[PDB]
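Undergrad: Protein chains in written order, with our numbering: chain P, 1168 to 1321; chain V, 310 to 434; chain F, 6 to 107; chain L, 36 to 354; chain E, 256 to 287.
Just so you know, even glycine gets a beta-carbon here, dropped at the ideal spot from N, CA and C.
Questions regarding the structure given below will be posed in turn.
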Amino acid sequence: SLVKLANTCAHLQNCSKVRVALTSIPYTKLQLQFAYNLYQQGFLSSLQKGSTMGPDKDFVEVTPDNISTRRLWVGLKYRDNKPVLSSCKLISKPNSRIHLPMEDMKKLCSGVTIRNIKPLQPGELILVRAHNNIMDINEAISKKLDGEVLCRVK
Amino acid sequence: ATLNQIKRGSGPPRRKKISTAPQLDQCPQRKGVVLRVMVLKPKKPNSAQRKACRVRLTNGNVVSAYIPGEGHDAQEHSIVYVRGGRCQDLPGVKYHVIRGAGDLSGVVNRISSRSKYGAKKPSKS
Amino acid sequence: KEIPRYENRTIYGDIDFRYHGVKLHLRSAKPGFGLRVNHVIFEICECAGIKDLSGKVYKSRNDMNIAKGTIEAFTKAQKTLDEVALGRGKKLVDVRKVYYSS
Amino acid sequence: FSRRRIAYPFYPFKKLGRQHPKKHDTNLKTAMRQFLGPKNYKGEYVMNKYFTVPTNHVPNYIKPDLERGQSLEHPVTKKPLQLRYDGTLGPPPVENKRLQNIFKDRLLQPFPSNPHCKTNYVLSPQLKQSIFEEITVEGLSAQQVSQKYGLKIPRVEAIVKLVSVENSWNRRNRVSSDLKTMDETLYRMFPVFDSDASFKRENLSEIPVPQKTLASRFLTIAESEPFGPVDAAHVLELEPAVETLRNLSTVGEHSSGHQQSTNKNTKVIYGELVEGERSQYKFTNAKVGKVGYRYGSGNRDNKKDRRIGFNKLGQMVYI
Amino acid sequence: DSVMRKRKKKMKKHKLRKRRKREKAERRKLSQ
RNA sequence: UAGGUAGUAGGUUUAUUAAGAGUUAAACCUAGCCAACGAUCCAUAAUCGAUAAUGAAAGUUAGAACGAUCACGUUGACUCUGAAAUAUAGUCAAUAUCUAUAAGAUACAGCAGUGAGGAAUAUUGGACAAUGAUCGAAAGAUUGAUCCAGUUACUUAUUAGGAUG
RNA sequence: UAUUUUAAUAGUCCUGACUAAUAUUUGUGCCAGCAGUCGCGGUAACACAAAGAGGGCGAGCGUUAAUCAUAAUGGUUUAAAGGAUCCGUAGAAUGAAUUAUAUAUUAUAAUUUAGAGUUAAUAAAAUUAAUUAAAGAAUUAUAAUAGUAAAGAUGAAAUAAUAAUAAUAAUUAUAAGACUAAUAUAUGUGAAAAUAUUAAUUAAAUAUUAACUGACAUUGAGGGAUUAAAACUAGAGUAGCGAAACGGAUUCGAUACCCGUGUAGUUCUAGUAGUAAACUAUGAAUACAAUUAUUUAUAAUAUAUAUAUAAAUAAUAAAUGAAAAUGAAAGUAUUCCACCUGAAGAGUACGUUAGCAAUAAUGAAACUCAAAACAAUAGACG
RNA sequence: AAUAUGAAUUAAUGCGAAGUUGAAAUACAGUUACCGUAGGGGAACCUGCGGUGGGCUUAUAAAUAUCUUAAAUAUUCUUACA
Ligand SMILES: [Mg+2]
Ligand SMILES: [Mg+2]
Ligand SMILES: [Mg+2]
Ligand SMILES: [Mg+2]
Ligand SMILES: [Mg+2]
Ligand SMILES: [Mg+2]
Ligand SMILES: [Mg+2]
Ligand SMILES: [Mg+2]
Ligand SMILES: [Mg+2]
Ligand SMILES: [Mg+2]
Ligand SMILES: [Mg+2]
Ligand SMILES: [Mg+2]
Ligand SMILES: [Mg+2]
Ligand SMILES: [Mg+2]
Ligand SMILES: [Mg+2]
Ligand SMILES: [Mg+2]
Ligand SMILES: [Mg+2]
Ligand SMILES: [Mg+2]
Ligand SMILES: [Mg+2]
Ligand SMILES: [Mg+2]
Ligand SMILES: [Mg+2]
Ligand SMILES: [Mg+2]
Ligand SMILES: [Mg+2]
Ligand SMILES: [Mg+2]
Ligand SMILES: [Mg+2]
Ligand SMILES: [Mg+2]
Ligand SMILES: [Mg+2]
Ligand SMILES: [Mg+2]
Ligand SMILES: [Mg+2]
Ligand SMILES: [Mg+2]
Ligand SMILES: [Mg+2]
Ligand SMILES: [Mg+2]
Ligand SMILES: [Mg+2]
Ligand SMILES: [Mg+2]
Ligand SMILES: [Mg+2]
Ligand SMILES: [Mg+2]
Ligand SMILES: [Mg+2]
Ligand SMILES: [Mg+2]
Ligand SMILES: [Mg+2]
Ligand SMILES: [Mg+2]
Ligand SMILES: [Mg+2]
Ligand SMILES: [Mg+2]
Ligand SMILES: [Mg+2]
Ligand SMILES: [Mg+2]
Ligand SMILES: [Mg+2]
Ligand SMILES: [Mg+2]
Ligand SMILES: [Mg+2]
Ligand SMILES: [Mg+2]
Ligand SMILES: [Mg+2]
Ligand SMILES: [Mg+2]
Ligand SMILES: [Mg+2]
Ligand SMILES: [Mg+2]
Ligand SMILES: [Mg+2]
Ligand SMILES: [Mg+2]
Ligand SMILES: [Mg+2]
Ligand SMILES: [Mg+2]
Ligand SMILES: [Mg+2]
Ligand SMILES: [Mg+2]
Ligand SMILES: [Mg+2]
Ligand SMILES: [Mg+2]
């Protein structure tokens, strides 16, 4: 769901601007993968399962009887009075999906513009969804895989 | 505008390029016959007695033209070559007559910017 | 003020900062590119020590607003590599610098 | 604010004032006269320090900034002279300290306003002869000569080729006394090249910058991850810089590891020649689609970028 | 818009109304 | 230009062609088909490139010149040869000119050139020497294709004096 | 003891700024004229016409006619521009979660309930639409009783009504049309237009819980319905107000503002038309973002009103903005629809469609110009 | 049937100074302006019904105030009494 991803991107933007430390995003495989990639690359302090009221300290089993009341809880970082996650926005909008071949991905990382997509800036990563998995664009190039560019997070 | 509207036609407007010499029919110049020679008063704030000629081009459309220089031999039934350009002060005239072309002689005793007005180079060698 | 420069030559990455009615789009440049920017920005850069840049000004082109916007953009819009690495917990490497190293 | 400004000297000079109406002189002309000094019956401006040519291997270039425009010096005493009220010349009241000590970089800089231009060093005839022998007589590699003497491979190849020309011009006894005087005069005009000295030696680790290495790239990796030049080569898809340095070291004609036998696998047929035939034909195999003149090609004859070339005899031919 | 262009449009509408009122007879004649 | 279509959409058979096909001719059925993402109608235009101009680029313009494709050889229809022509053939119809007054001949969108139109675009030139094309067993013959030259600053390039003073 | 001769004549545009060109001088004086834009010339002309000097391009220079580039890495409260409102069809528009396959961001199958709905129970409301049935005070007209000479309006008078019954004012009796006082905030409800004297019939609307369903949703070209006041077509009614008209006033005039008589209209039934400063000058929907104060509803912890969640309003942080300011948005994002590309011409002409008509919808081009427009600042003026 | 070119006399509109007739708008513009619509007038405009503020948010008092050791004690205290 690209609508949910766009909503989370705006939500993370707002929370970082008001400088809160804990935040909630929906429970979905796409969101979990997106958040965990952010967490690996160093934009989130901690990722946790949990309900609508707060993160769960102990192990909890997710069931249809409680699927509705599940939200992932993310922790944003700050440093030298500047949020680390400044801007995060989509590339492939829900109305215009972008599926780039691997060569175009390499061209994007090189510095050229493909499909009116601004190139990869320093301290930036473009997440790509290939075969139901979200990964950094460099990993897709190395893995030779192909897919749609999803978002930029700076 | 939604991309659905862009694909339906919406987008930046192409910069309009209106021709300032419509009656020339996309030609650098055209012949004509001076039906009348008139002196008109410039619009404010300029004040002068500007010499203009009413000319009928070969297309079949009459246009107003401005005779430049100091002293002209324009008169009725004079074959002149009308070009582009507009006399800004006079409202309505949007063409110029090429001095030195046709029966319109050049500017007498013109010694600077001759080609713009029509004049052989004095040798004096 | 103090303006961070990449290799004392150019800005870090691209900047798309907006000052009131002035849309500053600035992008980095190759070594030996020259200041291919608007004259106001060119003067600001030449006095600030920036030598290679490229950009375009959109919407309002008021000179004074442009000058204020570009100074601010240099100051805060851009971020240095070291600061990103520290706040990220990751390592950013300049391929150009490490290709020509020993 | 732009205006036309006559190029009056920046340094102060005496300006003509009340003058006879029948002189018709200009401040620029009197500035030149003050700078050159008197012209003698032979037409020589002996006073000017730049009239002569140095013979001490130290170039004598213009230093207008350091000498405040005082270009006059005694030909023999080599001491400053300036105009006085009486119109004569003599020692200045004080000594100019800036002229006293000049950095070597300034000595080698010919133009005051360009500190990035320096004059190369003239190699001694002995060094050229030694290079020639070692390349030819000793049968060594130009790479070795470059490494020992610090010169470039193109330079050493040029040295040997020019020395061969000099020998040919010598055994014909064609070089006249005038050429020898020219060489002697110009030899003492520029510094000699001392292979021992490090700062005169030219760097041999110079590589042309490929277009791709001039483009900035950045990777975000685990901090612990070691990144080296070879990984940069892989990500930039270029040969490692050290390897490119090694490759260009072998392109010299006399350099080690050189071979140009690539184009020896094309079928070429020479046609038979009979008596009375003024020409012979060579037939070189060329695959269809790769040979011949294109149909519908571009005609740049009437355009600004028309191709102009030269044939073997040197005639300008529209290629 | 302001009261400037509003005044201009008002006058144009008024003139059009009067012009169409005077030409009532001609309109009727031309339309039978 | 808001409704259009009536061989129109489809099905079955027969007829010509080497061939399918309402492409054409004949018979019988079904009631369809296109259309506000623009039908039908009207006006305009020869189309394109690995061609020319421009821009950082996506693009935008021209279609002169090199090449590719289409249509025409004053206008319209028909016919024999062939695999292919509605042929620059012929017939017929139409227009203008000429002499031979005849089911007469020609139509400079082949070269050169003339009058007009226009702001504007060239010689009523030399040779088949080279590359091709046609006829001929061959010798050879023809070639305004083609190769050259002339007019034109329309375009591009080179040159159109250095040192001293 | 030599080995032919021998030179070199560039034009064209500009010098106020955009735009490189400071060495000054003369002629004309809003004339002659120059000009791509701003503009120069009425005695200081760096701009016209020239001399000196200078700056470009160069066998070319200039000018005209054309092509490309020069800003959408845009906007619609106040500057061009949200449709009057909603319902809804197509959409080659967008749109939930898990798992398994494939030809992989798409499809198929299964499963799930966070969107979206259906039905019951519990609690509060008497609002909106339609149709009936009633109430209130006045106003005008007529009549009577007494009762006088003046009454009515205006800044002041006259036009219209008085001692001819005899007014005006007061108190009674009758008829009629229209409207709805506090409450009152149009609060609130309604899709908008609208909506507050009372009762009744029909229809719709809120929150919580239980169950049910299973992505059945959002937007919505075209289309459909409703749409103030004025206007028109028939039929009833016409008290008061009141275009037009006629009189009286002020003014030099007064085709008006003030006063009198006052027709259409204004009122009910059935219709036509579908327009407004139809305005929040702000289309609908979804996720999210920091505080405060006041009301409304829900929940039992209570001991007898403290505590948490929703909505509205008002003031703000951040953000946005040309600023004034917005502040569940005019902020951060996503989706869909409508509209804008300088002013004047012009929502005009022509055509078409629809109406009984007034008219409504659609909707150009020619001529002219370097204008035109919003926010805010400082004066001057009232 | 469509298209184009004319057509007596005639309706808009633009342009240049330019006088005549009023004073309609900007301030409370001297009758608040404007939107829709109907009627009237030499011309702006006037009047009638509803709507908007792109005018009144320009918003700013009916009023009354109190008792514990008044100091031999708080008011001082500069790292030590605690
Ligand atoms: Mg500026
Ligand atoms: Mg200048
Ligand atoms: Mg507007
Ligand atoms: Mg009309
Ligand atoms: Mg009739
Ligand atoms: Mg058939
Ligand atoms: Mg048929
Ligand atoms: Mg048939
Ligand atoms: Mg069509
Ligand atoms: Mg044609
Ligand atoms: Mg094309
Ligand atoms: Mg074309
Ligand atoms: Mg061609
Ligand atoms: Mg033919
Ligand atoms: Mg012909
Ligand atoms: Mg034919
Ligand atoms: Mg024929
Ligand atoms: Mg010909
Ligand atoms: Mg020509
Ligand atoms: Mg031949
Ligand atoms: Mg040339
Ligand atoms: Mg001039
Ligand atoms: Mg003067
Ligand atoms: Mg000028
Ligand atoms: Mg001049
Ligand atoms: Mg001169
Ligand atoms: Mg010159
Ligand atoms: Mg563009
Ligand atoms: Mg909007
Ligand atoms: Mg609206
Ligand atoms: Mg509107
Ligand atoms: Mg629900
Ligand atoms: Mg009474
Ligand atoms: Mg009430
Ligand atoms: Mg309300
Ligand atoms: Mg609404
Ligand atoms: Mg399902
Ligand atoms: Mg809807
Ligand atoms: Mg609709
Ligand atoms: Mg109302
Ligand atoms: Mg009636
Ligand atoms: Mg009344
Ligand atoms: Mg009245
Ligand atoms: Mg209706
Ligand atoms: Mg409207
Ligand atoms: Mg703020
Ligand atoms: Mg914004
Ligand atoms: Mg805005
Ligand atoms: Mg209309
Ligand atoms: Mg002007
Ligand atoms: Mg204002
Ligand atoms: Mg004041
Ligand atoms: Mg006429
Ligand atoms: Mg007034
Ligand atoms: Mg008024
Ligand atoms: Mg009236
Ligand atoms: Mg309203
Ligand atoms: Mg006002
Ligand atoms: Mg106000
Ligand atoms: Mg307010």
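Just checking, does the stretch 1168–1186 of chain P make contact with the stretch 1254–1264 of chain P on the three C-beta pairs under 8 Å criterion?
TA: The stretch 1168–1186 of chain P, when compared against the stretch 1254–1264 of chain P, does touch it at the 8 Å Cβ threshold.
Undergrad: Cβ closer than 7 Å: which chain L residues qualify as neighbours of P/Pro-1289?
TA: For the purposes of this step, residue 1289 of chain P is taken as residue 122 along the first sequence, with counting starting at 1. Neighbours of P/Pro-1289 on chain L, chain order: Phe-253.
Undergrad: What's the C-alpha gap between L/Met-67 and L/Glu-102?
TA: For the purposes of this step, residue 67 of chain L is taken as residue 32 along the fourth sequence, with counting starting at 1. For the purposes of this step, residue 102 of chain L is taken as residue 67 along the fourth sequence, with counting starting at 1. Cα to Cα, the separation comes out at about 16 Å.
Undergrad: Which residue or residues does DSSP assign as beta-bridge partners of F/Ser-59?
TA: Taking the first residue of the third sequence as position 1, residue 59 of chain F is located at position 54. Beta-bridge pairing links F/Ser-59 to F/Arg-32, F/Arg-41.
Undergrad: Please classify P/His-1266: does DSSP put it in a helix, a strand, or coil?
TA: As a first step, residue 1266 of chain P is located in the first sequence; it is residue number 99 there, counting from the start. It is a strand residue.
Undergrad: Which residue marks the beginning of the alpha helix (DSSP H) containing P/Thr-1190, and which one marks its end?
TA: Looking up residue 1190 of chain P in the first sequence gives position 23. Element bounds for P/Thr-1190: not the alpha helix (DSSP H) but the beta strand (DSSP E), 1189–1193.
Undergrad: Scan the stretch 222–256 of chain L for residues whose Cβ lies nearer than 8 Å to a Cβ of chain P and list them as they occur along the chain.
TA: Hits within the stretch, in order: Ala-250, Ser-251, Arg-252, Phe-253, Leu-254, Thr-255.
Undergrad: In three-state DSSP terms, what is residue 1158 of chain P?
TA: Here chain P has residues from 1168 to 1321 only, and residue 1158 of chain P is not among them.
Undergrad: According to a CB-to-CB cut-off of less than 7 Å, which residues of the stretch 26–54 of chain F neighbour chain L?
TA: Those residues of the stretch 26–54 of chain F that come within reach of chain L (Cβ to Cβ, closer than 7 Å) are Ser-33, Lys-35, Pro-36.
Undergrad: Is L/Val-270 close to chain F, meaning its C-beta is less than 9 Å from at least one C-beta of that chain?
TA: Sequence index remark: in the fourth sequence, residue 270 of chain L carries index 235 (1-based). True, the Cβ-Cβ gap to chain F drops below 9 Å.
Undergrad: Taking 9 Å as the threshold (beta carbon to beta carbon), is F/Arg-93 in contact with chain P?
TA: Residue 93 of chain F sits at position 88 when you count from the first residue of the third sequence. For F/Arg-93, the answer is yes, since a Cβ of chain P falls inside 9 Å of its Cβ.
Undergrad: Tell me, please, which residues DSSP counts as bridged to V/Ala-361.
TA: In the second sequence, residue 361 of chain V corresponds to position 52, counting from 1. BP columns for V/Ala-361 point to V/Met-347, V/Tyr-375.
Undergrad: So is L/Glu-274 buried or exposed if we call it buried at 16+ other beta carbons inside 10 Å?
TA: Looking up residue 274 of chain L in the fourth sequence gives position 239. Classification for L/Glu-274: exposed.
Undergrad: Taking Cβ positions, are V/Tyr-390 and V/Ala-410 nearer each other than 9 Å?
TA: As a first step, residue 390 of chain V is located in the second sequence; it is residue number 81 there, counting from the start. As a first step, residue 410 of chain V is located in the second sequence; it is residue number 101 there, counting from the start. Yes, they are a contact pair.
Undergrad: Please confirm whether P/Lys-1249 has its beta-carbon closer than 9 Å to some beta-carbon of chain F.
TA: For this step, residue 1249 of chain P is matched to residue 82 along the first sequence. Output row for P/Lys-1249: interface = yes.
Undergrad: Quick one: what does DSSP say P/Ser-1277 is sitting in, helix, strand or coil?
TA: Here the question's residue 1277 of chain P lines up with position 110 in the first sequence. Note: P/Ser-1277 maps to helix in three-state DSSP.
Undergrad: Can you name the residues of chain P whose CB is closer than 7 Å to the CB of F/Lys-84?
TA: For this step, residue 84 of chain F is matched to residue 79 along the third sequence. Neighbours of F/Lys-84 on chain P, chain order: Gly-1290.
Undergrad: Which partner residues does P/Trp-1240 have in the DSSP bridge list?
TA: Counting from one through the first sequence, the residue named residue 1240 of chain P turns up at place 73. DSSP, once it has assigned bridges, lists P/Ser-1191, P/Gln-1215 as partnering P/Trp-1240.
Undergrad: Who are the near neighbours of F/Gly-26 in its chain, counting only those whose CB is closer than 8 Å to its CB and skipping five residues on each side?
TA: Start at 1 with the first residue of the third sequence, and residue 26 of chain F comes out as number 21. For F/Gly-26, where only same-chain residues beyond five positions count, the Cβ hits under 8 Å are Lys-64, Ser-65, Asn-67, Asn-70.
Undergrad: So which residues of chain F does L/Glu-260 contact, with C-beta pairs closer than 8 Å?
TA: Position 225 of the fourth sequence, counted from the first residue, corresponds to residue 260 of chain L. Ordered by position in chain F, the residues that pass the 8 Å Cβ test against L/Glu-260 are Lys-96.
Undergrad: From the DSSP secondary-structure annotation, give me the bridge partner or partners of F/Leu-97.
TA: For the purposes of this step, residue 97 of chain F is taken as residue 92 along the third sequence, with counting starting at 1. DSSP lists L/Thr-255 as partners of F/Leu-97.
Undergrad: For the beta strand (DSSP E) that contains L/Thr-319, what are its first and last residues?
TA: Here residue 319 of chain L refers to the residue found at position 284 when the fourth sequence is read from its first residue. That run of the beta strand (DSSP E) goes 317–319.
Undergrad: Might you give, ordered along the chain, the residues of its own chain that have their beta carbon closer than 8 Å to the beta carbon of F/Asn-13, omitting 5 neighbours on each side?
TA: The residue given as residue 13 of chain F occupies position 8 in the third sequence. Same-chain partners within the cutoff: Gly-54.
Undergrad: Figure out for me which residue from F/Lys-6, F/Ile-8, F/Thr-15 has the closest Cα to the Cα of L/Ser-251.
TA: Your numbering for residue 251 of chain L matches position 216 in the fourth sequence. When each option's Cα is compared against that of L/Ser-251, the closest is F/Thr-15.
Undergrad: Give the single residue among L/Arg-53, L/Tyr-184, L/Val-309 whose Cα lies nearest to the Cα of L/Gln-164.
TA: For this step, residue 164 of chain L is matched to residue 129 along the fourth sequence. When each option's Cα is compared against that of L/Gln-164, the closest is L/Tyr-184.
Undergrad: With distances taken from CA atoms, which of V/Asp-334, V/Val-417, V/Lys-429, V/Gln-314 is nearest V/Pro-377?
TA: Position 68 of the second sequence holds residue 377 of chain V. Selected option, being the one with the closest Cα: V/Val-417.
Undergrad: For L/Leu-124, does the three-state DSSP call read helix, strand or coil?
TA: Start at 1 with the first residue of the fourth sequence, and residue 124 of chain L comes out as number 89. It is a strand residue.
Undergrad: Name the residues in the stretch 135–152 of chain L whose C-beta lies less than 9 Å from a C-beta of chain F; which are they?
TA: Cβ contacts with chain F: none found.
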